[PDB]
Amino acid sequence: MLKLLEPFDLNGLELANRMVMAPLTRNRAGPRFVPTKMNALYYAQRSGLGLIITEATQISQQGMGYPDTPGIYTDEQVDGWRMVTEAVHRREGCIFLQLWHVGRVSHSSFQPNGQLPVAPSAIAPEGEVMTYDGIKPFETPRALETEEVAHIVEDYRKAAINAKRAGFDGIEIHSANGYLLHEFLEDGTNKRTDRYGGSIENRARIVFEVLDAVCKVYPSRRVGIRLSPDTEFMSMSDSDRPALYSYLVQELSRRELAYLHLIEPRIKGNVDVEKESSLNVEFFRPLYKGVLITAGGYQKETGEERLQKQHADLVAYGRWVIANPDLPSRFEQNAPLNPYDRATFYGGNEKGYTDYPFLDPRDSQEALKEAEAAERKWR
């Protein structure tokens, strides 16, 4: 009787339920940003979620701002992701790769040749950024030349080519949470005078060009996109978020994409914030035609209310899913939720990653089995 637990049809994909694993950076790639068997166990374990969206995956070295995130720009990376897609599919799961460019939220230490991070405009985020050599202040990033936006779009297109080859069911363009695309959208970050700055239309141009480029690799019904309609995460700010997001959503409505993925203002990236905003999901449901994913601070009961009230079609869970590989079964049988441990979110090993327990140990055995089979197959 939970709507969260109703199978849902995603323009062809037979989702087990209406619950989504939110994208989650775990900082556990192998050398050269290549996914490993351990990574496949983790996704295999969580494959009773209707849809998995992966951790943000950089489309290029230039797009990375945190250590040991996986990439999707080399063959060796694609091979690694194949273990992941295989294992999730053997468990009858569905999965999309979230494509990432960190923008200015990076450090020369991460960059090819120790070049500056790139952004719309030469404006550093506030605060400090973890690097290979400990905590350092954010640097002023380099403002991208007009001509270079084309080359970033092409990175996304190559990245989607690699994704399709890796065997992902679809892709999600990360346009949220303070990163390259988001910096383009908001006029607090975007001070450009060319055809990608100024007018609301112009700021979104890049988002539309990325979408044009990837929908040449995947059918548009397999391209998703994530927005953060109203957040301070990473020194974001816009002079008029209602106006900017209204336009951006209505345009998106007409591109017949797989879904729109909206993060609730009560999330500041990875933590909860007290915050007044009307730019939550209720405000966008009217403005977006197709399949709508709501994410951010939900529980069983508040997620269920979203679906009953027809506010969204899918509810994403991030932190609960880190801790509860079988969240849907727990919801379903009214079980206690395993607590999540923030200290093991980022970096590390099995601990706080693949060692959260299931209701049913057999689920656990089946994930291990598929993940080992996936490794032998793609050895």
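From 1 onward, residues are counted along the sequence shown.
Q: Could you check which stretch, 206-214 or 154-162, carries the larger mean CA temperature factor in the entry?
A: Higher mean C-alpha B-factor in the PDB entry: 206-214.
Q: If you average the CA temperature factors over each stretch, which comes out higher, 95-103 or 300-308?
A: Going by the record's values, the stretch with the higher mean is 300-308.
Q: Of 295, 78, 234, 144, which one's C-alpha B factor is largest in the deposited record?
A: The listed residue with the largest C-alpha B-factor is 144.
Q: If I read the C-alpha B-factors straight from the PDB entry, which of 169, 264, 133, 86 is highest?
A: The C-alpha B-factor peaks, among 169, 264, 133, 86, at 133.
Q: Within this chain's modelled residues, let me know which third the CA B factor of residue 112 belongs to: lowest, middle or highest.
A: Middle third.
Q: Against its chain's modelled residues, does residue 124's Cα B factor rank lowest, middle or highest third?
A: Highest third, going by the recorded CA B-factors of the chain.
Q: Tell me, lowest, middle or highest third: where does the Cα B factor of residue 228 rank within its chain?
A: It belongs to the middle third of the chain when residues are ordered by C-alpha B-factor.
Q: By its CA B factor, does residue 73 count among the lowest, middle or highest third of the modelled residues in the chain?
A: Tercile = lowest for this residue's CA B-factor.
Q: C-alpha B factor of residue 181, ranked within the chain: lowest, middle or highest third?
A: It falls in the middle third of the chain.
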